[PDB]
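# Descriptive structure summary
Listed below are the residues making up each chain.
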Amino acid sequence: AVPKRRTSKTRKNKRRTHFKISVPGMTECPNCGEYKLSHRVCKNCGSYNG
Amino acid sequence: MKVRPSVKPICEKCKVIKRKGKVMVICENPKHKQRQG
Amino acid sequence: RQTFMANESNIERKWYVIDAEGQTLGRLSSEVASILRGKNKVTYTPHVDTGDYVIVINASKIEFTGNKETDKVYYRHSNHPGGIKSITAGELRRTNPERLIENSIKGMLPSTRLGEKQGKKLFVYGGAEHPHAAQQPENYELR
RNA sequence: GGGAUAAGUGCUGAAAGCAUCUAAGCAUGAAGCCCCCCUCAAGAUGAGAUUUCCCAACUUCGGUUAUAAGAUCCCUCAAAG
RNA sequence: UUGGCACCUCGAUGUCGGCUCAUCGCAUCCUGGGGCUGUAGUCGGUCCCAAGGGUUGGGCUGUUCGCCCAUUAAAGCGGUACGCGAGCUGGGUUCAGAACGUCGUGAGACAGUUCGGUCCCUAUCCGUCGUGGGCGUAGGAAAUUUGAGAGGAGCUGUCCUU
RNA sequence: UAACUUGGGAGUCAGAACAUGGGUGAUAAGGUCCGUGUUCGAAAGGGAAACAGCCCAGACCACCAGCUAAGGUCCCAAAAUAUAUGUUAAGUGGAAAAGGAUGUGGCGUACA
């Protein structure tokens, strides 16, 4: 129920190994020129050209 | 077959022998066979 | 302070070929153990490996004394409830003669990280043909 | 079904001129022992084997870049979750 | 099993009987293999070897026990803090109410009964059951495989013929 | 090599195991109560695999010097796979009794 022992820094930093953030899938837009999420609509221009 | 700590002849015909590290009495009458002496 | 110390820049390890044909199990494993540890060299160092390599041929022809071929049994547990197996020394010589001499010599070595490296310098075969002729092994007589 | 055994029954045979399953030598014999039947297994660091696929350009670092055969990002789904 | 001792725990190691899930010993209840009989046969007695698998459903009491009804090839005996409450029940036994018998001048007590009466915790570590990411296996890859070593399964009735 | 007297200041009044002479209990207890010695308590170091009380032995400090005690010399693990003469075949050695056996040694007193 309650922790018997406190957690040390060595043990705490190993559990947070996989606690990472993801890099989105972004590519340069054919017409806007800015970056864009694949399969989405360019916020800068508004063109998809599917 | 009688398995007893004390094995001794019950008649004069019975013979005492030792085979495979066991004291065995064998008699011509069937009831007098004994073992584990 | 003038005591000599051996390193991995001046150590020489050779290859031996011992024959187990007609030899006592316990009295042959105690001698091979000292060779694998380097207890026969004048430059012995405790914190480094200095032994040599040993090859055992004709393993299936080892010898026992008395009734140890039936009374001596080997146990092993599988870590499961009631999972304990067993096998007699006589039945193991006829199936896996190399595991019989391999485990008998491994028990005469220290159970450390260096002792596990010294136990891999051993090679056991049931016949007289070994594939390590390239290493140029030299015959050795037991003392 | 196979291979060795437990308690048993034995076959020859002396120690002990006879007897005796044993002390050397041959057998027979349990739902039990090891196989046979079903599933998982090379992190088995002792890391195994087989078939096929890819294999060039450089300051001549005893190196390096980008690719190749392949595998993903993302997207439409399930017999899977 | 009932006791003897008082060595660990009183700034705290929760009871009896169940329920759910099991494990392990052999001094073997059933099934398998054998002597000897005061063993005709069909059925038994006693003793040896054998732990692989099995070893019911109800009535009466809070119960263990124990008796009874109907079955079964058989309804074995013991250990694990009398297995098990961070898994669960609260019917008995140690709370505060009330009553009877008994004892006490009395407040009250049982060598006894009766009705009623709060069971709490979000899992840090080890352990256990599932499922992923790294690196290694001396070039980088896609498929098909050997099996060192582990796990699972092991029971038995009644008819017919000879 | 101590002992005794006078004065200043204390602590202690829960003890334990082993050997040995006894009571008690059951010629039970790591039980309990007395006599005597040792150790622990307040004692490290080596041995008994681990193990305050058992065996050897009492650490002022430093050294990559030597000889010994208990206990030891096949391997883990420092030292004899030493020498001489005998016993045991059971894994005895490395757990126990009353009883039962031409198992096998040593020293004495015509049998099929």
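Residues numbered from 1 in each chain as written, not as in the entry; some residues may be left out. Chains lettered and ligands numbered in written order. Part of a larger assembly, values for the part shown. Heavy atoms only, no water.

As stated in the entry header, the method of structure determination is cryo-EM and the reported resolution is 2.9 Å.

## Looking at the nonpolar core
Residues and elements named next belong to chain C. Defined as follows: Each nonpolar core is a collection of buried residues, namely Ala, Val, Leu, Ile, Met, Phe, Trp, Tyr and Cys, held together in the definition by side-chain atoms within 4.5 Å. Accessibility here uses a 1.4 Å probe with only protein chains present; expressed as a share of the type maximum, an area under 20% marks a residue as buried, one over 50% as exposed, and anything in between as partly exposed. Only runs of H or I of at least four residues qualify as helices and only runs of E of at least two qualify as strands under DSSP, and these elements are numbered from the N terminus. Here, residues are in contact when the closest pair of their heavy atoms is within 4.5 Å.
Ranked by size, the top nonpolar core spans 20 residues in total, and within it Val32, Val54, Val56, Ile101 and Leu122 carry the most contacts. Considering each element in turn, this core owes the most residues, five residues, to helix α1 (residues 25-37). Dropping the residues within four chain positions of it, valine 56 is found in contact with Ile18, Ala20, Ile101, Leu122, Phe123, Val124 and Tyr125.

## Regarding the packing of α1 of chain C against helix α4 (residues 97-106) of chain C
Residue and element names in this part refer to chain C. Note the cut-off: A fitted line through C-alpha atoms represents every axis, and for helices the fit uses only the stretch in contact; the resulting angles, taken between N-to-C directions, go from 0 to 180 degrees. Orientation is classified from the angle alone, with under 35 degrees giving roughly parallel, over 145 giving roughly antiparallel, 65 to 115 giving roughly perpendicular, and any other angle giving oblique. With the far helix as reference, a near helix turned anticlockwise by less than a right angle produces a left-handed crossing, and one turned clockwise produces a right-handed crossing.
Interaxial distance between α1 and α4 falls to 9 Å at its minimum, and their mutual angle equals 60 degrees. Considering the angle they form, α1 stands oblique to α4. Considering only the axes of α1 and α4, their crossing is right-handed. Residues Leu25, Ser29, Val32 and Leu36 of α1 lie in contact with α4, whose contacting residues are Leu100, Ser104 and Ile105.

## Some words on the protein's contact with RNA strand D
Applied cut-off: If even one non-hydrogen atom of a residue comes within 4 Å of a molecule or strand, that residue is called near it. Polar contacts, as used here, are pairs of N or O atoms within 3.5 Å; protein pairs need one atom able to donate a hydrogen and one able to accept it. Residues neighboring in sequence count only if both atoms are side-chain atoms. Note on residue categories: nonpolar means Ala, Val, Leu, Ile, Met, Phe, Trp, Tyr, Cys or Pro, charged means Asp, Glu, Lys or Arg, and polar means any other residue, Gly included.
Neighbouring RNA strand D are the residues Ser38, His39 and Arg40 of chain A, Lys15, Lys18, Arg19, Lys20, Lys33 and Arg35 of chain B together with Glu102 and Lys120 of chain C. Counting only atoms of RNA strand D within 4 Å of the protein, the sugar-phosphate share comes to 68%. The contact in question runs from a sugar or linking oxygen of RNA strand D to an N or O atom on the side chain of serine 38 of chain A, over 3.0 Å. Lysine 20 of chain B is positioned such that a nitrogen or oxygen atom in its backbone is 3.5 Å from a phosphate oxygen of RNA strand D. Partitioned by chemical class, the residues of the surface near RNA strand D number no nonpolar, two polar and nine charged.

## Some remarks on the arrangement of the chains
Between chain A and chain B there is no contact; the minimum C-alpha to C-alpha separation amounts to 60 Å. If you take every C-alpha in chain A and every C-alpha in chain C, the smallest gap between them is 25 Å, and the two do not touch.

## Quick notes on the UniProt feature "binding site: Zn(2+)" (unreviewed entry) in chain B
Residue and element names in this part refer to chain B. For clarity, the threshold we go by: UniProt positions are given in the numbering used here, feature names are shortened, and annotations may be inferred rather than shown by experiment.
Within the UniProt annotation, "binding site: Zn(2+)" (unreviewed entry) is assigned to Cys11, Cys14, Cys27 and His32. Spanning 22 residues, the annotated positions come together in the fold, the maximum distance between their C-alpha atoms being 8.1 Å. On the secondary structure map, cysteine 11 appears in the loop between β1 (2-3) and β2 (15-18). Judged by its relative accessible area of 31%, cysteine 11 falls in the partly exposed class. Residue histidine 32 is classed as buried on the basis of its relative accessible area, which comes to 15%. The contact partners of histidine 32, leaving out residues within four places of it in the chain, are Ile10, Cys11, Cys14, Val25 and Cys27.

## What to know about the packing of aromatic side chains
Residues and elements named next belong to chain C. The criterion, for reference: What counts as a ring pair is set by centres within 6.5 Å for rings of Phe, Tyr and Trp (its six-membered ring), and what kind of pair is set by the plane angle: stacked under 30 degrees, edge-to-face over 60, tilted for all other angles.
Throughout the structure, instances matching the rule amount to three aromatic pairs over all chains. Between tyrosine 16 and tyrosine 140 the ring centres are 5.4 Å apart and the planes differ by 70 degrees, which places this aromatic pair in the edge-to-face class. Linking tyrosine 16 in strand β1 (residues 15-19) with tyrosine 140 in the segment after β6 (138-139), this pair joins segments that are 124 residues apart in sequence. Residue class for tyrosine 16 comes out buried when judged on its relative accessible area of 17%. A connected cluster of aromatic rings, assembled from ring pairs, spans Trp15, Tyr53 and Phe123.

## Some words on the sheet that holds β6 of chain C
Residue and element names in this part refer to chain C. For clarity, the cut-off: Between any two strands, pairing holds if DSSP finds at least two bridges.
Strand order in the open sheet made by the four strands is β5-β2-β1-β6, with parallel pairing throughout. The open sheet is flanked by β5 (122-124) and β6, the only strands paired with a single partner. Pairing analysis gives two bridges linking β1 to β6, with the strands arranged parallel. Bridge pairing links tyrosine 16 to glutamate 138 in β6.

## Notes on the protein's contact with RNA strand F
Surveying the vicinity of RNA strand F reveals 18 residues, the closest of which are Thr3, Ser30, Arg37, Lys68 and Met108 of chain C. The contact in question runs from a base nitrogen of RNA strand F to an N or O atom on the backbone of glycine 37 of chain B, over 3.4 Å. Between RNA strand F and the protein, one listed contact pairs a phosphate oxygen with a side-chain N or O atom of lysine 39 of chain C at 3.0 Å. Secondary-structure elements contributing two or more residues to the surface near RNA strand F are α1 and α2 (68-71) of chain C. The element best represented in the surface near RNA strand F is α1 of chain C, accounting for four residues.

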